[PDB]
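Before any comments, here is the structure.
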Amino acid sequence: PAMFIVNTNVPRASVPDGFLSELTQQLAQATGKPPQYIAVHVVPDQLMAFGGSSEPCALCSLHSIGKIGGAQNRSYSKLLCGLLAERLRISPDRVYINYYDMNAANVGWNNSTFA
Amino acid sequence: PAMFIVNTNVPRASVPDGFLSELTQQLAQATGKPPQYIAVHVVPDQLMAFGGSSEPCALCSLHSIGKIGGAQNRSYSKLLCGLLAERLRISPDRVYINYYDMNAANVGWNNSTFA
Amino acid sequence: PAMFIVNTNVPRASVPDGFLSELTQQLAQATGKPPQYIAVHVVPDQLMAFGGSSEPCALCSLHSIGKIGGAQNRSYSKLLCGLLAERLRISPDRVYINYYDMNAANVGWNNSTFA
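Chains as they are written, first to last, in the deposited numbering: chain A, 0 to 114; chain B, 0 to 114; chain C, 0 to 114.
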């Protein structure tokens, strides 16, 4: 299981059709998890500043049970920044992505947890 | 102290009156913390996908100073999924809840922290 | 690098001009990090309750690579609560701020991570 959130000041109208599906597919592929387990959340029109500037930016999070590590996080960032640059026109240097390796016992789903 | 956030694609109009109060009471009861210390945040109308589908779903978080564990998280999930299913018509298998056991020194409140 | 989020039920119109810039500067100063590395996100008009009440409140997070600790978090809360009280008219005792000391390998930026 893995969840990805994108918080951005880019307007809703600038989020292309298929964006959530593309994120789901690329992340399923990158983490090696079936897409059924990937959840995505996009939050446009946000009041944000990066480095004191209000030009396009994004603050993201990827919580995943496993598949988190030095090298994996580097490829995730390359993939994720490429997508935000191409799709939302956000410069890679105006993006932060926080990675969290979740313990299965700390992720609830379907009336229980993954423990 | 504990805080609970629900991010959902369910429309605002579908959130019943008293929903936040019910969450506050059930969580105070479940964690065994006075309700004065429970904070709740509900965020409807979100652009989300779960397993690649945009049917009703929810991504939630419960940050709590203590009261986090294998068995406790399982009961929290049963309680929380039951509420989302009954109140927001969200299927329990389309819900993720991330649990965080916060250190008191890492939770600020009233100009200081709980350390 | 550090990121700060404020989630509040205070209306958008009550957020003064320059609020995001002030937060950026105060946080750069407080953490001793150049402002270029500080990201800020303010989310008004939220459906929230604190202690069961819907009076003005805020649930915040400060994720920082380092500069997180018992004493530092205490000054951060004093600074942050002072700002929310003065700027948004939020009582310090109706504010929670969760502090996260992020590992550099778990923060992506500009196609890679800070590792």
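Quick reminder that beta carbons are idealized off the backbone N, C-alpha and C, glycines included.
Rounded C-alpha distance that separates residue i from residue j
{"i": "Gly17/C", "j": "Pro43/A", "result": "21 Å"}
{"i": "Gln28/B", "j": "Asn72/B", "result": "14 Å"}
{"i": "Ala12/A", "j": "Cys59/C", "result": "28 Å"}
{"i": "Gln25/B", "j": "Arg93/C", "result": "20 Å"}
{"i": "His62/B", "j": "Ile4/B", "result": "9 Å"}
{"i": "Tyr95/A", "j": "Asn102/C", "result": "13 Å"}
{"i": "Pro55/B", "j": "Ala114/C", "result": "38 Å"}
{"i": "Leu82/A", "j": "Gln45/C", "result": "29 Å"}
{"i": "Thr7/A", "j": "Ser90/A", "result": "12 Å"}
{"i": "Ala104/A", "j": "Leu78/B", "result": "16 Å"}
{"i": "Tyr75/B", "j": "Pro33/A", "result": "26 Å"}
{"i": "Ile64/B", "j": "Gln35/B", "result": "14 Å"}
{"i": "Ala57/C", "j": "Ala57/B", "result": "21 Å"}
Nearest to residue i (by Cα), restricted to the options the options
{"i": "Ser52/C", "options": "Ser52/B, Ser53/B, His40/B", "result": "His40/B"}
{"i": "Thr112/A", "options": "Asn97/B, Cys56/B, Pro15/B, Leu46/B", "result": "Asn97/B"}
{"i": "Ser20/B", "options": "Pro10/C, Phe49/C, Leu19/C, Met2/C", "result": "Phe49/C"}
{"i": "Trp108/A", "options": "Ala38/A, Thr23/A, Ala57/A", "result": "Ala38/A"}
{"i": "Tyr99/B", "options": "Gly68/B, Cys80/B, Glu54/B", "result": "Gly68/B"}
{"i": "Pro0/C", "options": "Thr23/C, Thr7/C, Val14/C, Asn6/C", "result": "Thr23/C"}
{"i": "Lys66/C", "options": "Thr30/C, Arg86/C, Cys80/C", "result": "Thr30/C"}
{"i": "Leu87/C", "options": "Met2/C, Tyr36/C, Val14/C", "result": "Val14/C"}
{"i": "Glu85/A", "options": "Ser76/C, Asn110/C, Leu78/C", "result": "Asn110/C"}
{"i": "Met47/C", "options": "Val106/B, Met2/B, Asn105/B", "result": "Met2/B"}
{"i": "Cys80/B", "options": "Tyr36/A, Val106/A, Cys80/A", "result": "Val106/A"}
Three-state secondary structure (DSSP) of residue i
{"i": "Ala27/A", "result": "helix"}
{"i": "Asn105/C", "result": "helix"}
{"i": "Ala84/A", "result": "helix"}
{"i": "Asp100/C", "result": "strand"}
{"i": "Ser63/C", "result": "strand"}
{"i": "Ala114/C", "result": "coil"}
{"i": "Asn72/C", "result": "helix"}
{"i": "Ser90/A", "result": "coil"}
{"i": "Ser53/A", "result": "coil"}
8 Å Cβ cut-off: residues of chain B touching residue i
{"i": "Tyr36/A", "result": "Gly50"}
{"i": "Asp92/C", "result": "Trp108, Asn109"}
Buried or exposed (CB count within 10 angstroms, at least 16 for buried), residue i
{"i": "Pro10/C", "result": "exposed"}
{"i": "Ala70/C", "result": "exposed"}
Contacts of residue i in chain A (Cβ-Cβ under 9 Å)
{"i": "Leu19/C", "result": "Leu46, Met47, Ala48, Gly51, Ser53"}
Proximal chain C residues relative to residue i, where beta-carbon distance stays under 9 Å
{"i": "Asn97/A", "result": "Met2, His62, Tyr99, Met101, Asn105, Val106, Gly107"}
Chain-ordered neighbours of residue i on chain B, where CB pairs are closer than 9 Å
{"i": "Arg73/C", "result": "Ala104, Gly107, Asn110, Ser111, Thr112, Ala114"}
Partner residues on chain B for residue i, Cβ-Cβ distance less than 7 Å
{"i": "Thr23/A", "result": "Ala48, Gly51"}
{"i": "residue 202/A", "result": "One cannot answer for residue 202/A here, as it falls past the ends of chain A, which runs 0 to 114."}
Partner residues on chain A for residue i, Cβ-Cβ distance less than 7 Å
{"i": "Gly69/B", "result": "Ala104, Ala114"}
Partners in chain C for residue i, counting only beta-carbon separations shorter than 7 Å
{"i": "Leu79/A", "result": "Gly107"}
{"i": "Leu58/A", "result": "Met2, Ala38, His40"}
Amino acids of chain A, ordered along the chain, whose beta-carbon sits closer than 8 Å to that of residue i
{"i": "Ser13/B", "result": "By Cβ distance, chain A contributes nothing, its closest Cβ being about 18 Å from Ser13/B, past 8 Å."}
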